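Remarks on the structure that follows.
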Amino acid sequence: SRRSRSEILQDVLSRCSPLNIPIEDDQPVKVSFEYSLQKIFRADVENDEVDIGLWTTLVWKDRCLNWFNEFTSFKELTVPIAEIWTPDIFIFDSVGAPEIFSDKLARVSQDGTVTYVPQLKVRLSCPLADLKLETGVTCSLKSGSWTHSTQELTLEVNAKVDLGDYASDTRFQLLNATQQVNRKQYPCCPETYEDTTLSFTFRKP
Amino acid sequence: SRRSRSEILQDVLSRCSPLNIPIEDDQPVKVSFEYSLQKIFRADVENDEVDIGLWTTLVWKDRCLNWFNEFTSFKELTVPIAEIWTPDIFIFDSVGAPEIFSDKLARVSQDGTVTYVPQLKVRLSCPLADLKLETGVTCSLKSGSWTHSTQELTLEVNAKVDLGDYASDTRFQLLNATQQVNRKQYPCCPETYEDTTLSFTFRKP
Amino acid sequence: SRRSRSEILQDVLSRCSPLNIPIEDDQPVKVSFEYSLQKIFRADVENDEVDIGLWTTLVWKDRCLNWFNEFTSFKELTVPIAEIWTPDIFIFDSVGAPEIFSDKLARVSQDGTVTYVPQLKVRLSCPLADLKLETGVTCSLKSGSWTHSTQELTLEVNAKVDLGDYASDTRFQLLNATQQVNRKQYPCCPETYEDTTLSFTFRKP
Amino acid sequence: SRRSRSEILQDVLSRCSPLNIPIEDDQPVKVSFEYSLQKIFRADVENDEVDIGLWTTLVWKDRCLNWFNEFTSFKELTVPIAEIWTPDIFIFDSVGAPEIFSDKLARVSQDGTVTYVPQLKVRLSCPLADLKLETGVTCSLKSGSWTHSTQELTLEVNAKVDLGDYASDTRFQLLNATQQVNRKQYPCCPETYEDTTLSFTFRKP
Amino acid sequence: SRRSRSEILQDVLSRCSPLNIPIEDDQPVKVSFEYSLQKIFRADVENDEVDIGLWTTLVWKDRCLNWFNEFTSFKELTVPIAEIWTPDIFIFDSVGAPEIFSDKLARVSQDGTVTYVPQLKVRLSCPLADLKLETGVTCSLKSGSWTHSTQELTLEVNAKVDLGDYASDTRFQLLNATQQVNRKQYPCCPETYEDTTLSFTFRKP
Amino acid sequence: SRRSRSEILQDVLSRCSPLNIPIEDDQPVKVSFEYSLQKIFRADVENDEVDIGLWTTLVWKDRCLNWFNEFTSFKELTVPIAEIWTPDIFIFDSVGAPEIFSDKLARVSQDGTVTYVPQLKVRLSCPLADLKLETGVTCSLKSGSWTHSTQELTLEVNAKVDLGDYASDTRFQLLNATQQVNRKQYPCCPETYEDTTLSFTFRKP
Amino acid sequence: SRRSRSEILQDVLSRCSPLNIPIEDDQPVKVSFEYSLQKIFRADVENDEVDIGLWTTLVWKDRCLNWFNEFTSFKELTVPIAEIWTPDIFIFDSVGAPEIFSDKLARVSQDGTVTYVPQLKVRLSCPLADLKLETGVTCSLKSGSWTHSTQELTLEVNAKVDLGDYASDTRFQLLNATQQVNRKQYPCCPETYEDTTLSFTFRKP
Amino acid sequence: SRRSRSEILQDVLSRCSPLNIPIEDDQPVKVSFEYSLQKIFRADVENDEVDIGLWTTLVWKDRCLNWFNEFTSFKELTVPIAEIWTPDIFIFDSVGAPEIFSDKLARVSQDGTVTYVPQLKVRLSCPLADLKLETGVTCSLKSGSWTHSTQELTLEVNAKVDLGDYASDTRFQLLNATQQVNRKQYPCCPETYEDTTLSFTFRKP
Amino acid sequence: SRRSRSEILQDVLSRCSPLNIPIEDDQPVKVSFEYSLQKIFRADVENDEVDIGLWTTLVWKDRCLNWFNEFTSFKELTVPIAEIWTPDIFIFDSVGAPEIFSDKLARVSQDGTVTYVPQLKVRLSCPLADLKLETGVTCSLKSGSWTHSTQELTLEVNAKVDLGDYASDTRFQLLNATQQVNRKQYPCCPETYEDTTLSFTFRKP
């Protein structure tokens, strides 16, 4: 490949951090979260579980060190997700372990910015009843860091929900996809925790 | 979780749209709106404000792109509302900022259909006077996109109002709950704007 | 602090995941839920709202990667909830946004297990009437993932309700606290959704 | 949606300005201000605070650039207020932070003209005493840019006050609603500052 | 707007400083503080809290760089407070978070001088008892930088207290408003800290 | 300001740590905790909640790096709390989110020592009954890290409770204020957790 | 005046540049030029000189440094033209030194933008002959930097010529006022020089 | 002269300000403007220019510092205008540079008040036609700060126009002299600018 | 602008010479002189003065020092004439002070070469008589250094006179324009002085 690029990955991977938040100063890490709802694959009336094929856009900035002076070189490199720390974002009410559709690869930038987009199929609790009716049905699932409080991780969203990718001839039509950010509390801890509640309204076409 | 599901969310979220209406061709976005009136919590005679505990069923279709070929996989995924674009539906005469009862989660389907159902407590202007009388009292609140004209967003309703969920031993009995769709105009703009007027007639039991 | 511990947090936080369910294979995520009812602070007859001071025990397993070979080192670390994904569990009928009593901190374990316990005050709909009578009164609130169907998130409970912590001289005596798990359906979606219904029977002592 | 409309928003939002006044040449920005007094919700004798439910009509022209040649296309688009710069108009004597009734959406026009109308509940200082008397009571609140002097922002009004929307069975009858524009000075600065004083005379019906 | 003015804000905002005290040489920053007591809105006997509607005049000089040669141009510009560093002045004994009445706008001058005047409602501890008596009652609250010692921030006052703005028909008459500057010490630190003690003597008229 | 001081803050803030515990070697972080009970503002018999106005003295040592050789220069600087990591100390049984009376500023020292003192109003569960009696009433609240075990964070106290600052004419007289340190365990975790239990005995004077 | 504004001017004037182009990077300075033809005062047949009363709109951006953090403050300040660098724009064929009608004041903006508009009377060479005829007469004068080549200074125009201000009962009627931008060369130098040629066609009414 | 007076001028001139607006707090500077029309010297029919011999009364307050304790001493001193800052008031449509009839001396007072009255001959655009008719002719010229917006400088007038000084046997009789204050806007800037329009109606006697 | 260019001007202006002839060795300075006769504006029979609109091409080489090693950078910069020394060339028989039509800007080159071209209107003694006759009339004016002798300044000319620029419809036709160089002596000094005699033969067309 390119030798210049080669040095970059090795320096960051070999020299530049183990799993530890590199930021010493006054910063929580914000992670932008967006959902591209690909398809609502299936509904289970007996189980009251619904399946979503989604990919999640995750963006964050990590502190990286510039060592060897940056010359005009390879600006973004791609690396396996395993190589770097990723956020704990989880669906609060998944019925089953989510499965991963896509390769675990993340693009990293010199500024330290990282973009990771997994594709996933998730089963979440939701009653399908009245899917056939014109009114349709509503489901909600909340995503957010399991462990991190708002102080440690701040979640942000650019927009409501990305319908564009949605499969044209999906079994179910999308009434409205929303991603509203909310902060709430748990009995364990005094700290506020932030999650993104994805509320999807859909019916069978 | 399931890896297959995993790829779905990431692909839609990471790759498939930022806040932008993905539909280039001749389509306004229609959002179906339905109200499930849970309870009329309180009435304030001095203030002339009334409190409703409602959840709002919102359905819309977003355009999503199919990338990796859809195999039989997770059909619906759930995601936080923050992740995706949600409609601006607002109560025209809320006295106070509405508060959110439920997690902000929305189910998305492959066809692009999204179902989001928030639970909310809203304070709206309404005179309680003569609540005790047999005649009861009537209140109306209109919901509809603040910014969007009928051309951008079209609102639709399947039915009048969902009483079934209504709390059995609520302080106030429900004479009739109606959701009539109407379009009206404002001095700012020549365009028609559509709203759903929820007219609730109730009295104390 | 300890350097060994230091590397652990950074590696997991910096390198090891953004909000995305890390589990590709055949697993929904199960989240164990337990309630420790601390106190029934207040009852509002006009409003028909009741206040509970609770802490919620939430447990889940996330997939983490072992990188640097685990030596005998710091087994659990604590981190802000913001740092990691947390489940969307919400009270279905809260009158108001729940407030958080405790710091948002969660202990994480090497196996990937996470324990997060928020302390919360919640206002929920419930008629107080006949609190004084010997029979007392019953209230129920359901907690469960907003968005996630049973397929995505499975909820489990070890036991009925934890009375032990209950304040000795609380205004209201506890007849019986129960947490029964149930799955139900919604018109939005064909999938089953699981929630834990907390049914509390209490009267004034 | 419509692709033609799609390009418009993105071009203006993505390419066409960050928060900076785009007008280089000899122009202050004039903002027309009008008040539609919806209701006088409440009066507090002990506090001497009065509550108004109002919506504020705000109009201004921003300089936008035409890039891709304008064909007959979508003339106005709607967008969230967050997307574009809005004026600092504030009530000089609000007792509390004003709350927002409506969605923050603003219609923008090709000429650059923008119309934004928030709905608000505001608490302002005003003695309610003698509200019952025939004479009634008078209150005044001034709205105007906090920071901007007359040189930077010029405020204009079309008419006195919009009573038409006023709720028919409001607790308080409207004797007269006036919006007189005035310019005044502050000790901080030599520049004239312009505000619109809303003087409302009302009594209980 | 004016292009000349346009360049000014951008140069100062875009090029000329992030939050950092720009002064390298032998200068502490002095901030002049003055209080314009608008009204004593309310007194709470049970709580022993009193409410003041005040605006605070704050003046300071920041070091700015002249770049493009200053021609006769826009001398003061106005900008949101968020854009520039503001002092930490806080009320030592506020019962609650102070709320902001006015827009956060500050006028800046070429010499670097900045004038920021927030309007605020503050709740502070103070016993109301004997408000009715002729003697009246006295309350004191101290304002001053929380973190900054006298070495970092020096506080100055032009005069005692500004009564002129005081509302004519306020519930409470003003016996005397004083702002005396004082320096005192805390156990944490050897450094002197300076605060302005506002002592207000008032009674009901 | 002083250029010498200027370099100090920037070097520590810009270069010297993101949120990560800087101590690699064998050290837990000890945080000294002290309470200065300012006032017992209110008691609520129906709610069984009591309000305390307190400031909390928090001291800890962080590892900082000396870079540019320390000359006789500015020994302590003050900075906003947001800039640096602060401990998670929380009241275990707060009824509501605590509010912050004072500016969030912390003094830092060259040795790495930091002193942060927030002023707070807290509502905690406590029965007021028999406040009037000579015996008075007792309340206890425990403060301590939510997430951190004794291994991660060790809490220490210099003395029992600081009465000196206590308001002379407070509604309630202070029988005795105590801060006893204790370590206890939770079902979640095998580790000991340390908290400071503030036991306050007070009655109405 | 306002202290905040005060600091601004001093910082820019005292600290922020002497006559030197502050822009180090790849930018020529563009200066927008527009003419507002106020009046054609006189024509001299023997001399073949014509007098124009004009004001010239000049806009440019200078690089300014932000030092003291910009808070919401005075956005534009005005200053004498002498204080800052102004462009060398000159009329190529003036018969006499132009005289200045207005005060030399220029508004400057935070972005660095400056707007300077001098009012001037200029005598330029032009034959008046046939002013009485229906055809009228044409004159042209070119304005442009004397010294600066196109590389150093780029001149731009928004529109043709501003007639609106033109005096209603001027001795001479305006057939057409044009400002066409052109670049041309001189024998001294290989570089292109840009000028705005004002071509005015007028006749006696 | 008087030594006491001597110290005064030196202290103010040597110690007490360079060109900078000394007022930090909330004050624009107001400058009162009055015109004493001495004579209409000449009219030029071909040129359409008219000559006025006027003196302008200008009053403003500057902030001065009292240093050496003021004893009963010299209350006003006179000094050359060059010594102190003077306002930029200019005639908007002067044909030529105004010439100065009188010495540039201004009286200053201890309160900081300054009175400066220049005598001037000004040539302004105005058609003389029909001067002989009974109707006479009207001319208008506007005076006002060139650079300063209404926010920076506020202009005020005591009365319409001072005829008393008018030369008895002037070539032209004065029908009416008026000075109306007006504020207007320019395309450069959003801010309002204030000017005094002197409208003089005169005819030949 | 360009930083590279920026350094150039500052180095030459700030570091590289005050008014002093930089050339130590055996060189007089030669200045090339050329005339571009733009127009013969007017003739005055009574006065015997004639007006020429001319621009003068002046070229000279100054010794400049190269400091920072010249990289490929900005080759010529433009600067105000005031910044650098210019030759004393004067018209020997001007009736009045010449006026300057153009901006005083001069282009400088790295070799040290400078090109300055002023535009000027000059009144010189010359009898107009017989301008109407076919023979026409002749006038001569000599330009040359006032103080400098041939030893100090040597004047050179490339050609006779530049007619090309001459205005097409000038009042007077140009028979022949000549610039002959000559050296002559004065009684003051033994040294030869060199001047360029411009002999213009013109008649009315």
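Protein chains in written order, with the deposited numbering: chain E, 1 to 205; chain B, 1 to 205; chain A, 1 to 205; chain C, 1 to 205; chain D, 1 to 205; chain E', 1 to 205; chain D', 1 to 205; chain C', 1 to 205; chain E'', 1 to 205. A prime marks a further copy of an entry chain.
From the three backbone atoms N, C-alpha and C, an ideal C-beta is built for every residue, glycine too.
Practice problem: Give a yes or no on whether the minimum CB-CB distance between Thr170/A and chain E is below 8 angstroms. | Solution: Not closer than 8 angstroms to any Cβ of chain E, the Cβ of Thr170/A fails to qualify, so no.
Quiz item: Looking at C-alpha atoms only, which residue of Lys104/E, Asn176/E and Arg203/E is the closest neighbour of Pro18/A?
Solution: The option with the nearest alpha carbon to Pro18/A is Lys104/E.
Quiz item: Taking DSSP as the reference, what is the three-state secondary structure of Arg107/B?
Solution: Here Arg107/B sits in strand by DSSP.
Quiz item: What did DSSP end up calling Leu77/C once you bin it into helix, strand or coil?
Solution: Correct three-state label for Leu77/C: strand.
Quiz item: Do you know how far the Cα of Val59/E' is from the Cα of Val31/E'?
Solution: One alpha carbon belongs to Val31/E', the other to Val59/E', and they sit about 5 angstroms apart.
Quiz prompt | Euclidean distance between Cα positions of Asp169/E and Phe33/E | solution = Distance between the alpha carbons of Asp169/E and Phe33/E: 26 angstroms.
Quiz item: Going by C-alpha distance, which of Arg203/B, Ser199/B, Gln173/B and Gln151/B is nearest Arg5/C?
Solution: Of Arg203/B, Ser199/B, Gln173/B and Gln151/B, the smallest CA-CA separation from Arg5/C is found for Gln151/B.
Practice problem: Report the residue ranges of all beta strand (DSSP E) runs contained in full by the segment 98 to 147 of chain A; include only those spanning at least 3 residues, in chain order. | Solution: 105 to 109, 113 to 116, 119 to 125 and 137 to 145, all fully within the segment 98 to 147 of chain A.
Self-check item: CB of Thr78/D within 8 angstroms of CB of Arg107/D, strictly
Solution: Cβ distance < 8 angstroms, so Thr78/D and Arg107/D count as in contact.
Quiz item: If we cut at 8 angstroms on Cβ distances, does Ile100/D' have a partner in chain C'?
Solution: For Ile100/D', the answer is yes, since a Cβ of chain C' falls inside 8 angstroms of its Cβ.
Practice problem: Please report the Cβ distance between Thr196/E' and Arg183/E', rounded to the nearest whole angstrom; I am assuming they are in contact, meaning their Cβ atoms lie under 8 angstroms. | Solution: Actually they are not in contact, since the Cβ atoms of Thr196/E' and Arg183/E' sit about 10 angstroms apart, beyond 8 angstroms.
Practice problem: Return the residues of the segment 91 to 120 of chain E' that lie within a Cβ-Cβ distance of less than 9 angstroms from chain E, sorted by chain order. | Solution: Listed in sequence order: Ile91, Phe92, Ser94, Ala97 and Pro98.
Quiz item: Beta carbon of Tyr35/D, beta carbon of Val114/D: below 8 angstroms?
Solution: With respect to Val114/D, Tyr35/D sits apart: the two C-beta atoms are not nearer than 8 angstroms.
Quiz item: Based on Cα-Cα distance, which residue from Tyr116/C, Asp48/C, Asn176/C and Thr178/C lies nearest to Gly96/C?
Solution: Per the Cα distances, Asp48/C.
Quiz item: Any idea what DSSP makes of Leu13/A, helix, strand or coil?
Solution: Note: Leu13/A maps to helix in three-state DSSP.
Quiz prompt | Beta carbon of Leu37/A nearer than 8 angstroms to that of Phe172/A | solution = No. Outside cutoff.
Exercise. Give the straight-line distance between the Cα atoms of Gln119/E' and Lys142/D, rounded to the nearest whole angstrom.
Key: Each residue's alpha carbon lies about 13 angstroms from the other.
Quiz item: Going by the beta-carbon positions, is the gap between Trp85/D' and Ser102/E'' smaller than 8 angstroms?
Solution: Taking 8 angstroms as the cut-off, the beta carbon of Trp85/D' is found no closer than this to the beta carbon of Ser102/E''.
Quiz item: What are the start and end residues of the beta strand (DSSP E) that includes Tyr35/B?
Solution: Note, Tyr35/B: beta strand (DSSP E), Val29 to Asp44.
Quiz item: Leaving out five residues before and five after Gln110/D in sequence, what residues of the same chain have Cβ atoms less than 7 angstroms from its Cβ?
Solution: Result list for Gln110/D: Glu70 and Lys75, in chain order.
Self-check item: Rounded C-alpha distance that separates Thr72/E from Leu124/C
Solution: Their Cα atoms are separated by approximately 59 angstroms.
Quiz item: Is the CB-CB distance between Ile100/E'' and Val122/E'' below 8 angstroms?
Solution: The Cβ atoms of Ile100/E'' and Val122/E'' lie no closer than 8 angstroms to each other.
Quiz item: Closer than 9 angstroms, Cβ to any Cβ of chain D': which residues of the segment 4 to 37 of chain D, in chain order?
Solution: So the list reads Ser4, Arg5, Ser6, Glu7, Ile8, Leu9, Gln10, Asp11, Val12, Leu13, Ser14, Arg15, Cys16, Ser17, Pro18, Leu19, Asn20, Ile21, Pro22, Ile23, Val29 and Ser32, given in the order they occur along the chain.
Quiz item: For chain C, is any of its Cβ atoms less than 8 angstroms away from the one on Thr57/D'?
Solution: Between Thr57/D' and chain C, the shortest Cβ-Cβ separation is below 8 angstroms.
Exercise. Pick helix, strand or coil for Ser6/D', following the three-state DSSP scheme.
Key: Correct three-state label for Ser6/D': helix.
Quiz item: Does any residue of chain C' bring its CB to less than 8 angstroms from the CB of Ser145/C?
Solution: Not a single CB atom of chain C' sits nearer than 8 angstroms to the CB of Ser145/C.
Exercise. Name, going along the chain, the residues of the segment 177 to 196 of chain C whose beta-carbon falls closer than 8 angstroms to a beta-carbon of chain C'.
Key: Shown in chain order are the members of the segment 177 to 196 of chain C whose Cβ falls below 8 angstroms from a Cβ of chain C': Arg183, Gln185, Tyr186, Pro187, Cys188, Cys189, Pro190, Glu191, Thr192, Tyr193 and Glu194.
Quiz prompt | Straight-line Cα distance separating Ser140/C' from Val50/C' | solution = Answer to the nearest angstrom: the Cα atoms are 11 angstroms apart.
Quiz item: Out of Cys189/B, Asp88/B and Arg15/B, which has the shortest C-alpha to C-alpha gap to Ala82/C?
Solution: Checked all of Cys189/B, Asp88/B and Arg15/B; the closest Cα to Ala82/C is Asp88/B.
Quiz item: Tell me which same chain residues have a C-beta within less than 8 angstroms of the C-beta of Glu156/B, skipping the five on either side of it?
Solution: Answer for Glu156/B: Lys30, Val31, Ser32, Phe33 and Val181, listed in chain order.
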